[PDB]
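Inspection log for the structure reproduced underneath, given as structure tokens.
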Amino acid sequence: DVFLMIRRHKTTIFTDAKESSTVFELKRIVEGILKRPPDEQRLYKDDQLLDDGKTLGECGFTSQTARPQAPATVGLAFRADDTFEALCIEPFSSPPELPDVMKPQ
Amino acid sequence: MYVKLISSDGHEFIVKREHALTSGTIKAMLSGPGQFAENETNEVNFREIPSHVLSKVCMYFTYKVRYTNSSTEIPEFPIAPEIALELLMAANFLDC
Amino acid sequence: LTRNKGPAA
Amino acid sequence: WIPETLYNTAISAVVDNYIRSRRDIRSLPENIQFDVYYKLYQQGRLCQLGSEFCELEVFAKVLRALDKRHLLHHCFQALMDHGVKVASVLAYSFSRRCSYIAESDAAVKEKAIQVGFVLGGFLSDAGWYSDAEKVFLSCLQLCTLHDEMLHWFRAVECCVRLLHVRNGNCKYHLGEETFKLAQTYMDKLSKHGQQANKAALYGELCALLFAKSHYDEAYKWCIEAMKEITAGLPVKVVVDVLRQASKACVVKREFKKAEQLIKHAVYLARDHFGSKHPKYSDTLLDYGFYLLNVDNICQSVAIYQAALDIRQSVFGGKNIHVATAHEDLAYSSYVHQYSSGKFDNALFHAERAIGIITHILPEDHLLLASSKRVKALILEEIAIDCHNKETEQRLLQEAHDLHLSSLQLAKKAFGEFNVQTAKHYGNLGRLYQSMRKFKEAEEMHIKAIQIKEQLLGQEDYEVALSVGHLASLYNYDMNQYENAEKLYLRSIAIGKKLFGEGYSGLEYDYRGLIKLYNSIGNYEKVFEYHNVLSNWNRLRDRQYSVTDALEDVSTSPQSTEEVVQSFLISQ
Amino acid sequence: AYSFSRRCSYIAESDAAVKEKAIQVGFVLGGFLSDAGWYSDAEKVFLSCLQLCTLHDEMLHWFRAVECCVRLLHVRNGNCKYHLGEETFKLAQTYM
Amino acid sequence: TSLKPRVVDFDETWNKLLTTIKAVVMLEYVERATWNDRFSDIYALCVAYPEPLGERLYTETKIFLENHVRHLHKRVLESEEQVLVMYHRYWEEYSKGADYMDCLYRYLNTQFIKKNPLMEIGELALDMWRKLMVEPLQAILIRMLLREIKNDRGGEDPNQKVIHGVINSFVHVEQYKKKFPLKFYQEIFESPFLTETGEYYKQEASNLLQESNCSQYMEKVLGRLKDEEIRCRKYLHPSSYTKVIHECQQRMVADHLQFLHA
């Protein structure tokens, strides 16, 4: 059982899937959520594309690095006029950086 | 079965509806005039909660739903030291 | 038990 | 197992980087700050918690959480056991801010009083009357300046509380002038076309005069307090007035009239406050007082132990309220097990009370004298029930030291012609009878009888006990049988008139009377007193079938108006 | 002990340098708490060091893990936890 | 911004809140984004700096609910001879509005009302309906409610939902009275109804014996009791299934007990 975050720009999908599940099943999930056919989607893991026939465990999504308390980011892009934009995962807001207590004045 | 938890920065965390109803406040937001969103997912606006805090809240939702009533040993939720203060006010406000 | 108890606390 | 709440997880994660967020926790919502500080207490970080609870900036936001106040009463206690003098530091901080704010407008000063009222009420609830009195004195000083009606109302509301904190600290001499000042403000407020509900003030004065052993004045003022109970009064005030009026009725030999008062007080406390509240514990403690003074001791222990368990779970360890519950339960277990000799539990509670009081109160305090006297009473009967004479001469010497300390404290504070010093003299007479000092025992018992007959009528419970003690000294030891005969007869008359034929001390009185008439030659009277004693034992065995006192009140027995009106029409 | 056990989990997924720094800090703290006699409060530190030692397959991490199991055997003998000590020794023999 | 205690002005925040609160109590269309923003407004009021405006917000909500229920009370008394229908129509809207406003006031309920004699906003609205709408209508409403159920016993066919909705409104108010949920209902309507249905089965019982013989008396008993059973399924509360079906026996079967021995 593997937990992911599909991060099409500002959207974030907290879906769950099995390791034995294929990438095309994940695209079907995104189809069920974003109403986009699987041919329109291109999934990216760490700026590396995922083949449709590859299983989720094949691409590097194990239940040890994509646990529910820290899911693994999975990029996604949508086809725009017979093309495909690059991944544009916008970063989350930077937390207020707490200063180190041992930093000298 | 999916709800779009829009954050203050415009981030749209699409989480499963069963997951989001863990928190009492989102359950209250999705009850009444807030459930009139006919367009599939119910967009919940969170103009106070930032994206980095709402993301950890959604991760807590999918963590508590998965790890509920489980006989196995349960790891604690990882909360960063710099985010604990902001997540604490969002945990009170959301009643999660 | 030649006596009674004590008065008050 | 169920997953831990994100609230609790974030609390655990904000405590851990405590230095990186110490100044940011104070900016949290007021119901998260207390949860963070309770996590500091739970984690054992009492040293980091003391540095935060000692600031009135931080403690004010903690006192406004009322659901989780019973938690705070534990945390605030733990620091006072940790060695952090949180109560005195908070009182000093409040006095300093009052000194700095006294030269300001009445709008801001009223907010400082309201912070003062809740803080002083917390310190008096927790038992720190010596430190709650400083806060209430500062509030009274704030109210004294402006002479408008609101300031007079706040001043009388702080003098009905200043009287309470000067009664738990045993400062009745200051309590009299505090009540005089409250009466002055009440008269001034009445002269301005407004009436203040003088129920709490009169109840506190009843408690003062009963603690000062002025049972006639205490009864008069409790009647005047119960006259002023209305429907709009807070439940705390109604409960306090009912409780103090019950104690006054009990000590004025009105057991049939105090029963309804104390049962309704216990019902009110268990209804509003709950079964685990310190006010419910106070009502249980004085219900046990009533039951102990109506010869219902066999279940009185079941009520003090219920009262102690509530106080020991809310107020932690070394607290004066736990100490009072211990010294009260130690005396009941002394009485309940007087015929059994198993005073190991009674002594355990008695030395626990002194162990608490000597830590938190000075050696020159009245409330230490009552704890010492209970342990001294328990040490008397343990000494006369052991076998080694070295123990019989060491335990009795310790009891002598304790009784002399109690007598000198009660004589310094109350005086020489009071009832507490009279019963101290009676206890000294009992102890000297145990120590084979028969002449001095006779002198002490004569002094006790003289003082109690001078004040407490002639057919009262206390004078009956003192007469029984002197008569047992004359009969069993001094062999002055003709003198002991009349005293046994008077003790029987008082015991039958007050408690009927089920009085527990009637056993000792009948046994002494049997030996009295056996050693003089009235043998047919000795036989008739054997059959009278057998009838008494059968009657007590029949009377043993009494249900627990926490089930007598049942659910919704009466209401406040009915009980108050019944007491009022019953003289 | 609780602070170290909570703080090590947040960097157990980080690089090996900070993991080794945390392992050294845990060795120092657990050695102090074993010397002082808080074996139950030193078992947590050594257990946390063990989870830091069992995420990467390497020679020095095996050395650190067997040292963790040697020191964790000492805090379980002093705490009279003998039904866990045999398991700890078996795990140490496995890593050795 | 942030979920931090910040100094706020209660006037404009309360006005913005009150607009949507009126829009939701009487069930108008309020935007979902506005509804989700009102939760932030509630939170900001409840943790406001330096003093939490929980008591002020609670008092203002109580004042608004009192004013609104009094307005509905005057508006339902204005429609003479249509009190029951108008009361039911406004009661459905007010019940939905009270539930939705309980949802909106979830932070006030969990963090102030429970923390500090105080009623939750969802169960305060029902209490205001009880002691400001039902209690003033304790006479006029129960008169039409009892006289009309008697009318349809003869053969009339009135509106089903208005009769059951009003009768069930006596129990729906007492959700928060967990000690005795049926205490109010059994006194406002049932104890007048049992007497009324006893009279209808005592006055007509003599009329029933007047024109009927003994042989057909046994069969016609089940005919009338079945109709009361149908009305029990239809108009009465589910908790009043056994009481009315047992009261009619004591007023009709026991009235002619000697006749039924045969």
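Chain identifiers are assigned as A, B, and so on, following the order in which chains appear in the structure tokens; residues are numbered from 1 within each chain, and ligands are numbered from 1 in order of appearance.
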Considering only C-alpha atoms, give me a table of residues in chain D that are at most 9 Å from chain A, with the closest atom pair and distance in Å for each, as CSV.
residue,atom,partner,partner_atom,distance
D:19,CA,A:101,CA,7.7
D:20,CA,A:98,CA,6.8
D:21,CA,A:98,CA,8.6
| query | Would you give me, as a PyMOL selection string, the residues in chain B that DSSP reads as alpha helix (DSSP H)? | reply | chain B and resi 17-20+24-29+51-66+84-94
| request: Would you mind listing what lies within 10 Å of region 30-36 of chain E as number ranges by chain, with only C-alpha atoms counted and same-chain residues fewer than 2 positions away left out? | output: E: 1, 4, 24-28, 38-47, 49, 68, 71-72, 74-75, 78
May I have the selected residues written with N, CA, C and O atoms, as a JSON list (two decimals), in the first residue's frame?
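What follows is the written file out.json:
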[["chain", "number", "residue", "atom", "x", "y", "z"],
["E", 1, "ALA", "N", 15.55, 11.69, 27.25],
["E", 1, "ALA", "CA", 15.36, 10.49, 26.45],
["E", 1, "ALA", "C", 14.24, 10.66, 25.45],
["E", 1, "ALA", "O", 14.38, 10.28, 24.28],
["E", 4, "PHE", "N", 15.39, 13.09, 22.64],
["E", 4, "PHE", "CA", 16.27, 12.45, 21.66],
["E", 4, "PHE", "C", 15.51, 11.44, 20.81],
["E", 4, "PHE", "O", 15.73, 11.37, 19.59],
["E", 24, "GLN", "N", 26.33, 9.77, 17.47],
["E", 24, "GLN", "CA", 27.32, 10.16, 18.46],
["E", 24, "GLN", "C", 26.68, 10.84, 19.66],
["E", 24, "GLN", "O", 27.04, 10.56, 20.82],
["E", 25, "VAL", "N", 25.72, 11.74, 19.41],
["E", 25, "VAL", "CA", 25.02, 12.40, 20.51],
["E", 25, "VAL", "C", 24.26, 11.38, 21.35],
["E", 25, "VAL", "O", 24.24, 11.46, 22.58],
["E", 26, "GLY", "N", 23.62, 10.42, 20.69],
["E", 26, "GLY", "CA", 22.90, 9.39, 21.41],
["E", 26, "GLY", "C", 23.81, 8.47, 22.20],
["E", 26, "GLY", "O", 23.47, 8.04, 23.29],
["E", 27, "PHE", "N", 24.99, 8.15, 21.65],
["E", 27, "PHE", "CA", 25.96, 7.38, 22.41],
["E", 27, "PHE", "C", 26.40, 8.13, 23.66],
["E", 27, "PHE", "O", 26.46, 7.55, 24.74],
["E", 28, "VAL", "N", 26.68, 9.43, 23.52],
["E", 28, "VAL", "CA", 27.11, 10.22, 24.68],
["E", 28, "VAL", "C", 26.00, 10.27, 25.73],
["E", 28, "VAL", "O", 26.23, 10.02, 26.92],
["E", 38, "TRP", "N", 19.93, 5.50, 35.06],
["E", 38, "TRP", "CA", 18.60, 5.56, 34.45],
["E", 38, "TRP", "C", 18.55, 4.63, 33.24],
["E", 38, "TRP", "O", 18.49, 5.06, 32.09],
["E", 39, "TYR", "N", 18.60, 3.33, 33.53],
["E", 39, "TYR", "CA", 18.64, 2.32, 32.48],
["E", 39, "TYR", "C", 17.36, 2.32, 31.65],
["E", 39, "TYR", "O", 17.41, 2.15, 30.43],
["E", 40, "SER", "N", 16.21, 2.48, 32.30],
["E", 40, "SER", "CA", 14.96, 2.56, 31.56],
["E", 40, "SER", "C", 14.90, 3.81, 30.70],
["E", 40, "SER", "O", 14.26, 3.80, 29.64],
["E", 41, "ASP", "N", 15.53, 4.89, 31.15],
["E", 41, "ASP", "CA", 15.60, 6.13, 30.39],
["E", 41, "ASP", "C", 16.81, 6.19, 29.46],
["E", 41, "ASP", "O", 16.93, 7.14, 28.69],
["E", 42, "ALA", "N", 17.72, 5.22, 29.55],
["E", 42, "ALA", "CA", 18.78, 5.08, 28.57],
["E", 42, "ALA", "C", 18.46, 4.04, 27.51],
["E", 42, "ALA", "O", 19.08, 4.04, 26.45],
["E", 43, "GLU", "N", 17.51, 3.14, 27.79],
["E", 43, "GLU", "CA", 17.08, 2.17, 26.78],
["E", 43, "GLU", "C", 16.40, 2.87, 25.61],
["E", 43, "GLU", "O", 16.56, 2.45, 24.46],
["E", 44, "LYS", "N", 15.63, 3.93, 25.88],
["E", 44, "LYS", "CA", 14.99, 4.68, 24.81],
["E", 44, "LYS", "C", 16.03, 5.31, 23.88],
["E", 44, "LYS", "O", 15.89, 5.26, 22.66],
["E", 45, "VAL", "N", 17.08, 5.90, 24.46],
["E", 45, "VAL", "CA", 18.11, 6.55, 23.66],
["E", 45, "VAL", "C", 18.84, 5.53, 22.80],
["E", 45, "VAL", "O", 19.08, 5.75, 21.61],
["E", 46, "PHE", "N", 19.21, 4.39, 23.39],
["E", 46, "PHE", "CA", 19.92, 3.37, 22.64],
["E", 46, "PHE", "C", 19.02, 2.70, 21.61],
["E", 46, "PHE", "O", 19.49, 2.35, 20.52],
["E", 47, "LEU", "N", 17.73, 2.53, 21.91],
["E", 47, "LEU", "CA", 16.81, 2.02, 20.90],
["E", 47, "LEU", "C", 16.71, 2.98, 19.72],
["E", 47, "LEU", "O", 16.75, 2.54, 18.56],
["E", 49, "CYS", "N", 18.97, 5.13, 18.76],
["E", 49, "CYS", "CA", 20.22, 4.98, 18.03],
["E", 49, "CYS", "C", 20.20, 3.72, 17.18],
["E", 49, "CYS", "O", 20.76, 3.70, 16.08],
["E", 68, "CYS", "N", 25.49, -0.35, 19.57],
["E", 68, "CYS", "CA", 24.19, -0.04, 20.14],
["E", 68, "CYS", "C", 23.60, -1.24, 20.86],
["E", 68, "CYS", "O", 22.96, -1.10, 21.89],
["E", 71, "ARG", "N", 25.61, -1.81, 24.17],
["E", 71, "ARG", "CA", 25.22, -0.87, 25.21],
["E", 71, "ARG", "C", 23.77, -1.04, 25.62],
["E", 71, "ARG", "O", 23.42, -0.79, 26.77],
["E", 72, "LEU", "N", 22.92, -1.47, 24.69],
["E", 72, "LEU", "CA", 21.52, -1.75, 24.99],
["E", 72, "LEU", "C", 21.35, -3.03, 25.79],
["E", 72, "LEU", "O", 20.35, -3.19, 26.49],
["E", 74, "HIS", "N", 23.45, -3.67, 28.18],
["E", 74, "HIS", "CA", 23.82, -3.24, 29.52],
["E", 74, "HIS", "C", 22.67, -2.53, 30.22],
["E", 74, "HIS", "O", 22.47, -2.69, 31.43],
["E", 75, "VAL", "N", 21.88, -1.75, 29.47],
["E", 75, "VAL", "CA", 20.75, -1.05, 30.07],
["E", 75, "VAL", "C", 19.56, -1.96, 30.30],
["E", 75, "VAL", "O", 18.60, -1.56, 30.95],
["E", 78, "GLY", "N", 20.74, -3.98, 33.76],
["E", 78, "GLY", "CA", 20.57, -3.14, 34.92],
["E", 78, "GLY", "C", 19.12, -2.83, 35.24],
["E", 78, "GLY", "O", 18.81, -2.51, 36.40]]
| request: Quick one: everything within 12 Å of residue 3 (chain B), counting only C-alpha atoms, minus sequence neighbours fewer than 4 positions away in the same chain. Send it as JSON, numbers by chain. | output: {"A": [11, 12, 13, 14, 15, 33, 34], "B": [12, 13, 14, 15, 16, 17, 18, 19, 20, 21, 26, 27, 29, 30, 34, 35, 37, 38, 39, 40, 41, 42, 43, 44, 45, 58]}
Take the residues that were just selected and, keeping N, CA and C atoms, output them as an mmCIF file, in the first residue's frame.
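Saved result, again-v2.cif, follows:
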data_model
loop_
_atom_site.group_PDB
_atom_site.id
_atom_site.type_symbol
_atom_site.label_atom_id
_atom_site.label_comp_id
_atom_site.auth_asym_id
_atom_site.auth_seq_id
_atom_site.Cartn_x
_atom_site.Cartn_y
_atom_site.Cartn_z
ATOM 1 N N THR A 11 -2.599 22.072 -7.261
ATOM 2 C CA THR A 11 -3.423 20.972 -6.782
ATOM 3 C C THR A 11 -2.555 19.930 -6.092
ATOM 4 N N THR A 12 -3.145 19.161 -5.184
ATOM 5 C CA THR A 12 -2.439 18.077 -4.519
ATOM 6 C C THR A 12 -3.442 16.976 -4.224
ATOM 7 N N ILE A 13 -3.170 15.791 -4.759
ATOM 8 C CA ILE A 13 -4.088 14.672 -4.604
ATOM 9 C C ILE A 13 -3.519 13.661 -3.622
ATOM 10 N N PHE A 14 -4.174 13.509 -2.476
ATOM 11 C CA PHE A 14 -3.735 12.531 -1.493
ATOM 12 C C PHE A 14 -4.460 11.209 -1.696
ATOM 13 N N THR A 15 -4.085 10.476 -2.736
ATOM 14 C CA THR A 15 -4.699 9.195 -3.049
ATOM 15 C C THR A 15 -3.845 8.050 -2.521
ATOM 16 N N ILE A 33 -10.737 11.944 -10.689
ATOM 17 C CA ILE A 33 -10.706 13.165 -9.892
ATOM 18 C C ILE A 33 -10.662 14.418 -10.767
ATOM 19 N N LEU A 34 -9.720 14.487 -11.707
ATOM 20 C CA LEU A 34 -9.558 15.668 -12.553
ATOM 21 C C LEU A 34 -10.337 15.610 -13.860
ATOM 22 N N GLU B 12 -4.707 23.568 -3.628
ATOM 23 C CA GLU B 12 -5.978 22.844 -3.651
ATOM 24 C C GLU B 12 -5.699 21.376 -3.330
ATOM 25 N N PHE B 13 -5.653 21.056 -2.041
ATOM 26 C CA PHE B 13 -5.358 19.695 -1.601
ATOM 27 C C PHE B 13 -6.606 18.842 -1.742
ATOM 28 N N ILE B 14 -6.681 18.068 -2.820
ATOM 29 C CA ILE B 14 -7.839 17.221 -3.068
ATOM 30 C C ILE B 14 -7.706 15.960 -2.230
ATOM 31 N N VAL B 15 -8.386 15.926 -1.085
ATOM 32 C CA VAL B 15 -8.315 14.761 -0.217
ATOM 33 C C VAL B 15 -9.655 14.032 -0.235
ATOM 34 N N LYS B 16 -9.620 12.740 0.086
ATOM 35 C CA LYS B 16 -10.830 11.931 0.101
ATOM 36 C C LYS B 16 -11.785 12.426 1.181
ATOM 37 N N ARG B 17 -13.086 12.352 0.886
ATOM 38 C CA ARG B 17 -14.082 12.923 1.789
ATOM 39 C C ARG B 17 -14.106 12.204 3.129
ATOM 40 N N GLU B 18 -13.901 10.888 3.125
ATOM 41 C CA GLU B 18 -13.829 10.162 4.389
ATOM 42 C C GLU B 18 -12.636 10.627 5.216
ATOM 43 N N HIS B 19 -11.521 10.944 4.555
ATOM 44 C CA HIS B 19 -10.353 11.452 5.266
ATOM 45 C C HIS B 19 -10.636 12.807 5.902
ATOM 46 N N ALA B 20 -11.251 13.721 5.148
ATOM 47 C CA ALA B 20 -11.414 15.088 5.632
ATOM 48 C C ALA B 20 -12.437 15.180 6.754
ATOM 49 N N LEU B 21 -13.413 14.278 6.783
ATOM 50 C CA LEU B 21 -14.395 14.284 7.860
ATOM 51 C C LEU B 21 -13.828 13.782 9.179
ATOM 52 N N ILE B 26 -13.994 20.690 9.443
ATOM 53 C CA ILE B 26 -14.278 20.444 8.032
ATOM 54 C C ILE B 26 -15.616 19.737 7.869
ATOM 55 N N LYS B 27 -15.971 18.860 8.810
ATOM 56 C CA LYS B 27 -17.295 18.249 8.790
ATOM 57 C C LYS B 27 -18.389 19.300 8.926
ATOM 58 N N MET B 29 -18.022 22.511 8.085
ATOM 59 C CA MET B 29 -17.968 23.305 6.863
ATOM 60 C C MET B 29 -18.688 22.613 5.718
ATOM 61 N N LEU B 30 -18.632 21.286 5.673
ATOM 62 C CA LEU B 30 -19.298 20.502 4.646
ATOM 63 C C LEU B 30 -20.734 20.158 5.012
ATOM 64 N N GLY B 34 -22.487 24.741 2.953
ATOM 65 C CA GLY B 34 -21.189 24.377 2.422
ATOM 66 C C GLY B 34 -21.164 23.135 1.561
ATOM 67 N N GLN B 35 -22.231 22.338 1.575
ATOM 68 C CA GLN B 35 -22.315 21.133 0.763
ATOM 69 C C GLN B 35 -23.116 21.346 -0.515
ATOM 70 N N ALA B 37 -22.001 22.642 -3.226
ATOM 71 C CA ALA B 37 -21.115 22.603 -4.387
ATOM 72 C C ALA B 37 -21.445 21.370 -5.218
ATOM 73 N N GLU B 38 -22.173 21.577 -6.318
ATOM 74 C CA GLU B 38 -22.585 20.470 -7.172
ATOM 75 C C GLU B 38 -21.441 19.947 -8.034
ATOM 76 N N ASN B 39 -20.419 20.765 -8.283
ATOM 77 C CA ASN B 39 -19.349 20.394 -9.200
ATOM 78 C C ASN B 39 -18.420 19.350 -8.592
ATOM 79 N N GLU B 40 -18.915 18.116 -8.464
ATOM 80 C CA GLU B 40 -18.146 16.974 -7.976
ATOM 81 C C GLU B 40 -17.562 17.229 -6.592
ATOM 82 N N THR B 41 -16.305 17.662 -6.545
ATOM 83 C CA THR B 41 -15.633 17.884 -5.275
ATOM 84 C C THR B 41 -16.161 19.142 -4.597
ATOM 85 N N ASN B 42 -16.233 19.098 -3.268
ATOM 86 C CA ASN B 42 -16.668 20.237 -2.467
ATOM 87 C C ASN B 42 -15.444 21.058 -2.084
ATOM 88 N N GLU B 43 -15.327 22.255 -2.648
ATOM 89 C CA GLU B 43 -14.185 23.115 -2.369
ATOM 90 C C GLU B 43 -14.350 23.758 -0.998
ATOM 91 N N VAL B 44 -13.378 23.536 -0.118
ATOM 92 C CA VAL B 44 -13.363 24.117 1.220
ATOM 93 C C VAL B 44 -12.250 25.152 1.264
ATOM 94 N N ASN B 45 -12.609 26.400 1.535
ATOM 95 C CA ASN B 45 -11.640 27.483 1.559
ATOM 96 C C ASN B 45 -11.101 27.664 2.971
ATOM 97 N N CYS B 58 -3.614 17.468 5.910
ATOM 98 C CA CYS B 58 -4.139 16.436 5.016
ATOM 99 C C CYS B 58 -3.359 15.135 5.155
#
| query | Can you list, as a PyMOL selection string, every residue of region 10-92 of chain A that DSSP puts in strand (DSSP E or B)? | reply | chain A and resi 11-14+16-17+22+41-44+49+55+72-78
| Near residue 109 (chain D), within 12 Å and counting only C-alpha atoms, which residues show up once chain neighbours fewer than 2 positions away are dropped, as a PyMOL selection string? | chain D and resi 97-107+111-116+138-146+150-151+154
Put those residues in a file: N, CA, C and O atoms, as a short mmCIF file (atom, residue, chain, number, x, y, z; two decimals), in the first residue's frame.
data_model
loop_
_atom_site.label_atom_id
_atom_site.label_comp_id
_atom_site.auth_asym_id
_atom_site.auth_seq_id
_atom_site.Cartn_x
_atom_site.Cartn_y
_atom_site.Cartn_z
N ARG D 97 1.65 44.90 40.79
CA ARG D 97 0.88 45.52 39.71
C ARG D 97 -0.26 46.37 40.26
O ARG D 97 -0.60 47.39 39.66
N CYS D 98 -0.83 46.00 41.41
CA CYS D 98 -1.83 46.85 42.05
C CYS D 98 -1.22 48.17 42.52
O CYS D 98 -1.84 49.23 42.38
N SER D 99 -0.02 48.11 43.09
CA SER D 99 0.66 49.34 43.49
C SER D 99 0.95 50.22 42.29
O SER D 99 0.86 51.45 42.37
N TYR D 100 1.31 49.61 41.16
CA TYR D 100 1.59 50.38 39.95
C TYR D 100 0.32 50.88 39.26
O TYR D 100 0.40 51.85 38.49
N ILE D 101 -0.83 50.26 39.50
CA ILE D 101 -2.06 50.60 38.79
C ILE D 101 -3.00 51.44 39.65
O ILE D 101 -4.01 51.95 39.13
N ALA D 102 -2.71 51.61 40.94
CA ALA D 102 -3.62 52.36 41.82
C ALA D 102 -3.80 53.80 41.37
O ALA D 102 -4.85 54.40 41.63
N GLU D 103 -2.81 54.38 40.70
CA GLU D 103 -2.93 55.73 40.15
C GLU D 103 -3.33 55.66 38.68
O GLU D 103 -2.55 55.95 37.77
N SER D 104 -4.57 55.24 38.46
CA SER D 104 -5.11 55.10 37.11
C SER D 104 -6.62 55.19 37.19
O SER D 104 -7.21 55.31 38.27
N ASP D 105 -7.26 55.14 36.02
CA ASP D 105 -8.71 55.26 35.94
C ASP D 105 -9.39 54.00 36.48
O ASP D 105 -8.80 52.92 36.55
N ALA D 106 -10.65 54.16 36.87
CA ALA D 106 -11.42 53.07 37.46
C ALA D 106 -11.80 52.00 36.45
O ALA D 106 -12.19 50.90 36.86
N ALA D 107 -11.72 52.29 35.15
CA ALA D 107 -12.05 51.27 34.15
C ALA D 107 -10.96 50.20 34.08
O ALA D 107 -11.27 49.00 34.03
N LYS D 111 -10.61 45.92 35.81
CA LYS D 111 -10.09 44.71 35.17
C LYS D 111 -9.00 44.06 36.00
O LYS D 111 -8.90 42.83 36.04
N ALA D 112 -8.16 44.87 36.67
CA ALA D 112 -7.15 44.30 37.56
C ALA D 112 -7.78 43.64 38.78
O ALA D 112 -7.20 42.71 39.34
N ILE D 113 -8.95 44.12 39.22
CA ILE D 113 -9.66 43.47 40.31
C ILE D 113 -10.23 42.13 39.85
O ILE D 113 -10.15 41.13 40.58
N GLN D 114 -10.81 42.09 38.65
CA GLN D 114 -11.39 40.84 38.16
C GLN D 114 -10.32 39.78 37.95
O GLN D 114 -10.57 38.59 38.17
N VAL D 115 -9.13 40.18 37.49
CA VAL D 115 -8.00 39.26 37.49
C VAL D 115 -7.62 38.91 38.92
O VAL D 115 -7.22 37.77 39.21
N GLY D 116 -7.74 39.86 39.84
CA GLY D 116 -7.46 39.58 41.24
C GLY D 116 -8.47 38.66 41.87
O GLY D 116 -8.12 37.83 42.71
N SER D 138 -4.98 43.44 48.30
CA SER D 138 -4.70 44.35 47.20
C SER D 138 -5.99 44.75 46.48
O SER D 138 -6.17 45.92 46.12
N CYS D 139 -6.89 43.79 46.27
CA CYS D 139 -8.17 44.11 45.64
C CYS D 139 -9.00 45.06 46.49
O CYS D 139 -9.64 45.98 45.97
N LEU D 140 -8.99 44.86 47.81
CA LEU D 140 -9.70 45.76 48.71
C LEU D 140 -9.09 47.15 48.69
O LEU D 140 -9.82 48.15 48.74
N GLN D 141 -7.76 47.24 48.63
CA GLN D 141 -7.11 48.54 48.52
C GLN D 141 -7.48 49.24 47.22
O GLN D 141 -7.66 50.46 47.19
N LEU D 142 -7.59 48.48 46.13
CA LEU D 142 -8.05 49.05 44.87
C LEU D 142 -9.49 49.56 44.98
O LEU D 142 -9.82 50.63 44.47
N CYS D 143 -10.36 48.79 45.64
CA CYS D 143 -11.76 49.18 45.75
C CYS D 143 -11.97 50.34 46.72
O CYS D 143 -12.98 51.04 46.62
N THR D 144 -11.05 50.54 47.67
CA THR D 144 -11.24 51.56 48.70
C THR D 144 -11.21 52.97 48.13
O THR D 144 -11.97 53.83 48.59
N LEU D 145 -10.37 53.23 47.13
CA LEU D 145 -10.14 54.58 46.62
C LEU D 145 -11.42 55.24 46.10
O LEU D 145 -11.87 56.24 46.66
N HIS D 146 -12.01 54.68 45.05
CA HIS D 146 -13.25 55.24 44.51
C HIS D 146 -14.43 54.83 45.38
O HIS D 146 -14.50 53.69 45.87
N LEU D 150 -20.38 50.82 42.33
CA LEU D 150 -19.71 49.63 41.80
C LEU D 150 -18.49 49.26 42.63
O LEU D 150 -18.25 48.08 42.89
N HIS D 151 -17.71 50.26 43.05
CA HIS D 151 -16.53 49.97 43.86
C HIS D 151 -16.92 49.46 45.25
O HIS D 151 -16.25 48.58 45.79
N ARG D 154 -17.91 45.81 44.70
CA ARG D 154 -16.71 44.98 44.58
C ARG D 154 -15.97 44.85 45.90
O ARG D 154 -15.39 43.80 46.18
#
| request: Determine, counting only C-alpha atoms, which protein, DNA and RNA residues have an atom within 12 Å of an atom of region 1-4 of chain C; residues of the same chain fewer than 6 positions away are not included. Present the result as JSON, numbers by chain. | output: {"D": [334, 335, 337, 338, 339, 340, 341, 377, 380, 381, 382, 384, 385, 426, 427, 429, 430, 431, 433, 434, 462, 464, 465, 466, 467, 468, 469, 470, 471, 472, 473, 474, 475, 476, 477, 488, 491, 503, 504, 505, 506, 507, 508, 509, 510, 511, 512, 513, 514, 515, 516]}
